[PDB]
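Just one chain follows, in the form solved without S-adenosyl-L-homocysteine (SAH), and it is written as structure tokens.
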């Protein structure tokens, strides 16, 4: 396997490092995660922009995480690890408070009511994010899907989160230094709007 020869980037045993992720990276830098990494343009780009932040990207499909490891093998970035796990197993990999941020980019919308439970912004997953971040983290979410974003804002509110940032047209707003995904850098810059939100826990 191609994943075995690059086992320094793609970790096959993440559960063994629960509470000890600072020993893997070798520093106490904040750990920011991404659920649904895909081909990895986002995670690799964020890695090069922020060398002093540790990134861990999770992806369900083996066939696509292969391209993500290649992008981290291209750019010398030593601050990115990739895991082939489900979002439900994040609590088996991280201790409460070990993660400082969760990134959700163009997550699967699942518009049908029966599949509300599958949306990465539904209460079940918001609970999993809390269980790995404690009360000191944040969720940075961006999508071009109107329905999912509308649902997400209501879901964040119902759960009791604080909306600290919201952009209803990201491209003609402040491009602080946001890295685009493969899908984002592919479709329109002056067409369909991209929505963005930053939510955190109240203290």
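By rigid core we mean the largest C-alpha set that fits within 1.5 Å across both forms. Numbering follows the first chain given and starts at 1.
Below, we refer to the form deposited with S-adenosyl-L-homocysteine (SAH) bound, which is not included among the displayed structures.
- Segments offered: 23-31, 162-170, 56-64, 133-141. Contacting S-adenosyl-L-homocysteine (SAH) in the deposited complex at heavy atom distances within 4.5 Å is 56-64.
- Scanning 120, 72, 99, 82 against S-adenosyl-L-homocysteine (SAH) in the deposited complex with a 4.5 Å heavy atom cut-off leaves one residue, 120.
- Contact check for residue 16: no non-hydrogen atom falls within 4.5 Å of S-adenosyl-L-homocysteine (SAH) in the deposited complex.
- Interface membership of residue 108, defined by any non-hydrogen atom within 4.5 Å of S-adenosyl-L-homocysteine (SAH) in the deposited complex, is confirmed.
- Although the partner is absent here, residue 92 is not a contact residue: none of its heavy atoms lies within 4.5 angstroms of S-adenosyl-L-homocysteine (SAH) in the deposited complex.
- When S-adenosyl-L-homocysteine (SAH) is considered in the deposited complex, residue 86 lines it closely, a heavy atom lying within 4.5 Å.
- Applying a 4.5 Å heavy atom cutoff to S-adenosyl-L-homocysteine (SAH) in the deposited complex picks out 181, 182, 183 from 158-190, in order along the sequence.
- The rigid-core alignment places the CA of residue 189 2 Å or more apart between this form and the one not shown.
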